[PDB]
RNA sequence: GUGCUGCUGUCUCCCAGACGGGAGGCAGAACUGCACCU
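Residue numbers (the authors' numbering): 1 to 97, 102 to 112, 186 to 272, 278 to 288, 297 to 454, 459 to 701, 714 to 853, 868 to 885, 887 to 908.
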């Protein structure tokens, strides 16, 4: 329920009577993770600092459990597995039985705990802990290891789901059709792999890949290269996929974990005191205590601490920012992480968000559903998550209208989108451009290395290889091609060094942005962060390729267990990702608070873009959390044609593929232009405000009679017809002007609204005529409206 | 304090193989700017 924040403080001269504890905690955590990864004998792939993954066998698991202390782990495997599953959150919550250590390491109903009791009275349970430690430290280490195993089992279930989906998609392709001829097609593949884009290249039932099939060697079927080839592709995809989620062990110097402390008994207790602008930490080990001088931290400039009746340490501090800002909260746990030698005390705490009145929550549903209205003069703000703009914004006060873009709303008067603009644009006409250039250069070199590897090993293997060489990579790497291999290798090295130097140049110019006399005018966020994120993400691969060029193409294994390869760049990229996400968070909160932003709409990006740099959901989740922590109540919105339709005429439009930021629409038989980003911002606000009263896409199928039937997936679609047609379903009947309409029904091709004539996929793709018209009339002649 | 996030001199280990890269330790200066549970 409550939220969280956390920051680190550094203790410099640490006593050894705690460094030993750190080491033993790491040891016991690793052993516990292996014990719980073996209690279920399903094998898996693992790895170490090496990075290349060995594979276990069930015999290894048997011997491991034997070393634990069991004699016939296979014989009693049932209770062990049940206890393990009940421990690591594998099962559903009601079957859910750090809290296990009191049953595990002791010497003197849900199936997990009953199984543990059986395993003990059965004479099997008590395992031999490799190292001596106190019970609370065992609890903390089990907590860490179990959390990591929880992540692993979640990811393993995910991989299982992925492989199941691949298998089902392949099955729907084969569907048992002509299995013998399928084997014949596999025999054809035998030559193909020795002699999908090819399947698309076979467009007509008319180059050795496309010449051999005509010959009698594989003529005898010739049936159709849609059924023939899709099945092979799906089988190949199901063949090539990792089905399990690997594991990394926890290593003090390679895979560190946090050594946690807190008053709640999840580790040794603690006392936090402050004096002289710095924290002082005392931890009650079984051997006594220790005094550690947490170096003063700007996150805790002038702090203080205080005990509470809630068994928590209340603190208060001032965070260095553009101004002096105040914070408070309750501290309940601390964590020790030894990164590159220095001991850091992680500080954790809860803190209240700012107050919210239910007049916000009420406003914060489908048109087929009726619920009360705001009944309050709140302000709705637009957020358009993107790349070039961090968030295009527009805020229009409901219960008021002065001037601007007039946008209707569901069952209330018109609102006006007056305050508009962009946040997070390019901080330089040159820096972002150069940075994007370098990122693309990396993306292309990282493949030309493989291309030259194959060419050196075997020579030109086919035509499309040379076509790509001359078309995409050679210009993406801008190097001279040399027939010999030695000079080509040295040219690869030269270009690698040049990319290094350009990375240094960019990195140095980009660090000075926050120190030179221009400090004040440097924006909080900008597209520069995202573009240099892309640059690092692709430079990592370019180098990782340059580390593996000396060896041939057919290899598959590491030549030596050299750890910590390119980990500096990985750490840089990840720290940057965290910082940039925080900065976008801060920019959104700042641009939202001043305007009020009592309700915020942000497109559901989940349906060279945000999805690449982050997992699809983390951006939205953390943005909702941060905006929540401030008292604001954000909200997500479907983006489907929110970026191609118009916000003044409610009709589809053209988002210029070349003028990427501009959008075009026509009103009153006149052509008008607008900033596509602000446009979108509006349309998302419009959809939030109007309860999605104007659909623009429908998928309909046909079976007979020559007329299609609408589909029913999301309640909003079901409400659209009931509002426009009057029946819960309808059909796409024809009309003279090569278009459709909706005339209901009585007891899946594209279709798009336009004016209501519903020009389908082909005729919809009218939008090209709009493009031709708007291009022919000249952009400079077009009205540009408030932006 | 963690990062953004650095730089210049120097010191060492690994991969390569005369082009290059990877990983860390110190020591100087420049500047005190921007965010901060992964």
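Note that CB positions come from ideal geometry on N, CA and C, so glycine has one too.
Asked: Buried versus exposed call for residue 600 [16 or more other C-beta atoms within 10 Å across all chains shown]; Found: buried
Asked: Nearest-angstrom Cα separation, counted from residue 570 out to residue 313; Found: 40 Å
Asked: Euclidean distance between Cα positions of residue 402 and residue 32; Found: 29 Å
Asked: DSSP three-state assignment for residue 274, whether helix, strand or coil; Found: Since the chain is numbered 272 and then 278, with no step between, residue 274 has no place in the structure shown.
Asked: Residue 669 - containing alpha helix (DSSP H), residue span; Found: 661-687
Asked: 7 Å Cβ cutoff met for residue 105 and residue 216; Found: yes
Asked: For residue 364, the nearest candidate out of 55, 395 and 302 (CA to CA); Found: 395
Asked: For residue 188, the first and last residue of its enclosing alpha helix (DSSP H); Found: 188-198
Asked: Secondary structure, alpha helix (DSSP H): runs of 4+ residues fully inside the stretch 304-378; Found: 317-329
Asked: Proximity below 7 Å, CB of residue 519 to CB of residue 423; Found: no
Asked: Rounded separation between residue 230 and residue 39 - CA only; Found: 13 Å
Asked: Closest Cα partner of residue 458 within the set 751, 487 and 595; Found: Looking at the chain, the numbering goes 454 and then 459, which leaves residue 458 without any coordinates in this model.
Asked: Where residue 700 falls: helix, strand or coil (DSSP); Found: coil
Asked: N- and C-terminal bounds of the alpha helix (DSSP H) containing residue 431; Found: Looking at the DSSP string, residue 431 is not in any alpha helix (DSSP H), and its letter there is neither H nor E.
Asked: Alpha-carbon to alpha-carbon, residue 236 and residue 198; Found: 37 Å
Asked: Cβ neighbour criterion (16 or more within 10 Å) applied to residue 843; Found: exposed
Asked: Three-state secondary structure assigned by DSSP to residue 221; Found: helix
Asked: Candidates 367, 379, 873 and 832: closest to residue 845 by CA position; Found: 873
Asked: Cα-Cα separation between residue 244 and residue 332, rounded to whole angstroms; Found: 13 Å
Asked: Burial state of residue 22 (16 or more Cβ within 10 Å); Found: buried
Asked: Cβ pair residue 503, residue 795 closer than 7 Å; Found: yes
Asked: Residue range of the unbroken beta strand (DSSP E) whose run includes residue 778; Found: 776-781
Asked: Extent of the continuous alpha helix (DSSP H) to which residue 592 belongs; Found: 580-605
Asked: 7 Å Cβ cutoff met for residue 879 and residue 887; Found: yes
Asked: Reduced DSSP category for residue 504 - H, G, I as helix; E, B as strand; rest coil; Found: coil
Asked: Residue 387 (DSSP reduced to helix, strand or coil); Found: coil
Asked: At least 3 beta-carbon pairs within less than 8 Å: the stretch 804-823 vs the stretch 763-779; Found: no
Asked: Under 7 Å between C-beta atoms of residue 735 and residue 443; Found: yes
Asked: Start-to-end residues for the alpha helix (DSSP H) that takes in residue 539; Found: 525-552
Asked: For residue 591 and residue 560, the rounded distance between their alpha carbons; Found: 26 Å
Asked: DSSP three-state assignment for residue 469, whether helix, strand or coil; Found: coil
Asked: contact_flag[the stretch 481-499, the stretch 677-693] where n(CB pairs < 8 Å) is 3 or more; Found: yes
Asked: Meets three-Cβ-pair contact criterion under 8 Å: the stretch 730-747 and the stretch 784-803; Found: yes
Asked: Cβ pair residue 907, residue 498 closer than 7 Å; Found: yes
Asked: Burial state of residue 547, where buried means 16 or more other Cβ atoms lie within 10 Å; Found: buried
Asked: Local conformation of residue 490 per DSSP, three classes; Found: strand
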